[PDB]
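*Asks:* My questions all concern the structure below.
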Amino acid sequence: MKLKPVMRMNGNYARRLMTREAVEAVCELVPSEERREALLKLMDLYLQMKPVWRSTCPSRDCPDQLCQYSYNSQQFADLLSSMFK
Amino acid sequence: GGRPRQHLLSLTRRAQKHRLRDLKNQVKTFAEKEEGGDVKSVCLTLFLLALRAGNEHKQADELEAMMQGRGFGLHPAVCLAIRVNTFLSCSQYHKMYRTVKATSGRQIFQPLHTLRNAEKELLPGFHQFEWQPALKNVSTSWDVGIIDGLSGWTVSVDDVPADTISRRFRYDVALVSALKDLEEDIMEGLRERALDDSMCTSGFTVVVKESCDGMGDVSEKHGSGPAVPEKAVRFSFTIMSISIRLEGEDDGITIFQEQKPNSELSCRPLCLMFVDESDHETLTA
Amino acid sequence: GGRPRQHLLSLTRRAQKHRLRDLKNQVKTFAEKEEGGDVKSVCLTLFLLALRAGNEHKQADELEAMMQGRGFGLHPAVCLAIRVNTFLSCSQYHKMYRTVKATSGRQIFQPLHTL
DNA sequence: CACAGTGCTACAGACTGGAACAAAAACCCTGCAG
DNA sequence: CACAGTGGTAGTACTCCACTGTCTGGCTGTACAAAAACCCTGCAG
């Protein structure tokens with residue numbers, strides 16, 4: 863991922879960190895298999911709900927993520943209080 | 408019975424195909440007997456003077472300036488200086504260039520690639536030189552430009568890390584270029600002296616102040632590697648004076664002396680590194 | 408035999424006169440047959456095709472400056488735009504102004520007080 | 001799915017030439033018409 | 001006894017808008033020479 867540590871984290875290192883393939887280099891670190899699957903799945907959830915509030919006007923640019931956002935967040939929160947509680 | 412046609416300067420350059428046929432043929436036929444392929448001048452001498460035939464002068468200034476002296480627009484060296492020395496970003500400069508060109512142009516500034524092409528002369532690894540005697544344990548190749556200062560670190564994992572990035576001129580080349588840049592001031596200094604020309608060419612003495620100092624708190628870039636510390640070290644020199652000795656007696660005789668050595672304007676960077684002053688290792692490497 | 412002939416670039420006007428007399432006459436005759444005889448309009452146009460046959464861009468410019476035009480002065484508002492949008496310091500800008508004005512100027516940029 | 005760039009690269013676009021085609025512009029013309 | 005800036009001002013200084021005549025310098029046709037720099041050929045070692 864070609865990333866270097868930060869004191870305060872700028873949003874740019876947040877855009878490199880948030881991507882799935884960034885979660886790939888870390889997925890290799892965690893020995894546990896189902897954990898490895900869990901946080902990966904979490905991150906894909908996050909990629910699905912991020913453009914809603916990131917994008918300028920989701921009503922056109924990204925409609926399907928918007929309509930599914932409630933359900934998607936439900937799923938997310940469930941996964942957190944499940945394995946990460 | 409034919410056709411009325413309006414005047415030429417309103418038609419497209421294309422529209423022309425019909426009108427110069429005979430002149431293109433006549434200049435072609437002409438070129439072989441008196442030149443052989445010298446296209447520029449035949450057109451130039453008839454035209455300037457043909458204008459000043461039914462003359463108000465106004466044009467003669469603009470036309471006599473037009474080709475060889477100087478600019479017309481602005482000579483690329485003047486452009487280059489007016490970029491480098493007012494601190495214009497390349498993209499910023501080009502931005503301006505586009506603007507001045509599009510609006511009322513008649514563009515003045517020269518485009519980037521012709522600045523770049525006017526560049527190669529000022530940088531080192533250009534001007535030929537030779538050393539008497541030949542330098543010890545140094546390559547004799549004089550064309551070398553900016554060199555990665557790592558200077559052949561084998562970057563084998565097994566060895567000391569190659570971590571530090573650096574760039575440096577080959578010292579001697581940087582010298583001959585910095586100094587030949589002073590050709591103007593050294594010759595004018597010589598003429599102030601009213602000193603002999605052909606005689607006493609070789610008796611010179613050059614005094615170079617070199618300085619190296621560290622700089623901390625320099626952030627770094629995510630990048631592809633290699634990992635490198637924050638702090639940067641800038642190694643630079645400046646030519647303080649240049650003097651003459653021959654025939655003999657006569658002390659040494661100053662010619663050029665830097666008038667304001669503390670200025671930013673005269674300091675010549677040579678080696679640029681990312682190194683902490685504290686680690687001696689990579690510093691001496 | 409004959410003297411070692413001229414290398415262009417070295418002379419004043421009347422060696423130039425029979426250097427081209429017959430071509431200037433052919434030109435007079437041409438302007439006369441099809442374009443009545445208005446030499447200025449004819450001669451200015453001549454350069455373009457000889458140059459632009461294999462050329463520059465520079466040629467489009469130097470020649471395009473001619474009699475019409477011009478600039479004159481870049482309107483002070485455009486110049487001002489160039490200044491604040493390329494982030495030029497007043498002293499840096501004025502630097503540029505002085506420099507472009509002294510060389511070949513024909514000053515282009517407008518002075519500070521007018522900005 | 002921030003955005004103005006960050007230089008030098010890449011080669012996209014801008015050029016000629018005759019050889020000849022075609023279309024269109026705006027005249028003159030002759031044709032067939034009250 | 002760093003240095004190369006940093007913008008607004010008031011300072012100064014210069015250089016411009018109309019009215020006019022007058023001047024020198026410069027161009028156009030061919031005629032008229034004297035220099036300019038070869039190369040000839042001529043007369044000599």
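Residue numbers (the deposited numbering), protein chains in the order written: chain A, 863 to 947; chain B, 408 to 692; chain C, 408 to 522.
C-beta atoms are modelled at their ideal positions from N, C-alpha and C, and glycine is treated no differently.
1. Tell me which same chain residues have a C-beta within less than 7 Å of the C-beta of B:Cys497, skipping the five on either side of it?
2. Is it true that the region 416–429 of chain B meets the region 408–416 of chain C, where meeting means three or more beta-carbon pairs spaced less than 8 Å apart?
3. Any contact of the region 500–514 of chain B with the region 478–489 of chain C, i.e. 3+ C-beta pairs under 8 Å?
4. Which residues mark the beginning and the end of the beta strand (DSSP E) in which A:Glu890 is found?
5. Indicate the three-state DSSP secondary structure (helix, strand or coil) for B:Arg513 in the structure shown.
6. Put A:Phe946 into one of helix, strand or coil per three-state DSSP.
7. What three-state label does DSSP hand B:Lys667 in the structure shown?
8. Let me confirm a value: B:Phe644 is counted as buried when at least 16 other C-beta atoms fall within 10 Å, else exposed. Which label applies?
9. Output needed for B:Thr689: all residues of its chain with C-beta closer than 7 Å, excluding positions within five of it in sequence on either side, in chain order.
10. Taking a cut of 9 Å between CB atoms, which residues from the region 614–639 of chain B lie near chain A?
11. Say the cut is 7 Å; is the CB of B:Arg675 nearer than that to a heavy atom of the ligand GTP?
12. So what does DSSP say about A:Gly873, is it helix, strand or coil?
13. Which chain C residues sit within Cβ distance under 7 Å of B:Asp566?
14. Rounded to the nearest angstrom, what separates B:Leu495 and C:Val446 at their Cα positions?
15. Between which two residues does the alpha helix (DSSP H) holding B:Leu679 run?
16. Rounded to a whole number of angstroms, what is the C-alpha to C-alpha distance between B:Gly443 and B:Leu589?
17. Under 8 Å, do B:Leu653 and B:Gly610 count as touching if we go by C-beta distance?
18. Are the region 531–542 of chain B and the region 572–584 of chain B in contact at 8 Å, needing three or more beta carbon pairs?
19. Determine the burial state of C:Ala460: buried for a count of at least 16 other Cβ atoms within 10 Å of its Cβ, exposed for fewer.
20. Three or more beta-carbon pairs under 8 Å between the region 916–930 of chain A and the region 897–908 of chain A, yes or no?
21. Please report how far the alpha carbon of C:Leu418 lies from the alpha carbon of B:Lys465, in whole angstroms.
22. With which residues is B:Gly621 paired in a DSSP beta bridge?
23. Which residues in the same chain have their Cβ closer than 8 Å to the Cβ of C:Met503, if we skip the five residues on either side of it in sequence?
24. Does any residue of chain C bring its CB to less than 8 Å from the CB of B:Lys431?
25. Excluding sequence positions up to five away, which residues of its chain have a Cβ less than 8 Å from the Cβ of A:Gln937?
26. What residue range is occupied by the uninterrupted alpha helix (DSSP H) comprising B:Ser584?
27. Quick check on the DSSP output: what are the complete beta strand (DSSP E) runs of length 3 or more inside the region 452–505 of chain C, in order along the chain?
28. Answer yes or no: do A:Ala884 and A:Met863 have a C-beta to C-beta separation smaller than 8 Å?
29. Quick one: list the residues of chain C neighbouring B:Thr612, beta-carbon separation under 7 Å, in chain order.
30. Determine the DSSP secondary structure at B:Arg600, reduced to helix, strand or coil.
31. What would DSSP say about A:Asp926, mapped onto helix, strand or coil?
32. Just to confirm the assignment, what range does the beta strand (DSSP E) spanning B:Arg574 have?
33. Rounding to the nearest angstrom, what Cα-Cα distance links B:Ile649 and B:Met594 in this structure?
34. How about C:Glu463: is its C-beta nearer than 8 Å to some C-beta of chain B?
35. Does DSSP put B:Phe437 in a helix, a strand or coil?
36. Would you verify that the beta carbon of C:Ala422 is, or is not, closer than 8 Å to some beta carbon of chain B?
*Replies:* With the structure as the only source:
1. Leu519
2. no
3. Flag = yes, the region 500–514 of chain B and the region 478–489 of chain C touch.
4. First-last for A:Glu890: undefined, no H or E at that position.
5. coil
6. coil
7. coil
8. buried
9. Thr571 and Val682
10. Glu627, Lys628, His629, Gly630, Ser631, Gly632 and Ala634
11. Here there are no bound small molecules, and the ligand GTP is not part of this structure.
12. helix
13. Under the 7 Å cutoff, chain C gives no residues; its nearest Cβ is about 45 Å from B:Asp566.
14. 46 Å
15. Here B:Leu679 belongs to no alpha helix (DSSP H); instead the beta strand (DSSP E) covers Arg675 to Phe681.
16. Going from the Cα of B:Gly443 to the Cα of B:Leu589 covers about 41 Å.
17. Result yes, Cβ atoms of B:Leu653 and B:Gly610 sit closer than 8 Å.
18. yes
19. Counting other Cβ atoms within 10 Å of its Cβ, C:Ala460 stays below 16 and is therefore classed as exposed.
20. no
21. 22 Å
22. Here B:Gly621 is bridged, per DSSP, to B:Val640.
23. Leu495 and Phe516
24. Put simply, the CB of B:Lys431 is near chain C, with a gap under 8 Å to one of its CB atoms.
25. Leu907
26. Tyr578 to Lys587
27. Listed in chain order, there is nothing to give.
28. yes
29. Ordered by position in chain C, no residue passes the 7 Å Cβ test against B:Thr612, which lies about 35 Å from the chain.
30. Correct three-state label for B:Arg600: coil.
31. helix
32. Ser573 to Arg575
33. 11 Å
34. no
35. helix
36. Proximity of C:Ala422 to chain B, defined by a Cβ-Cβ separation below 8 Å, is not satisfied.
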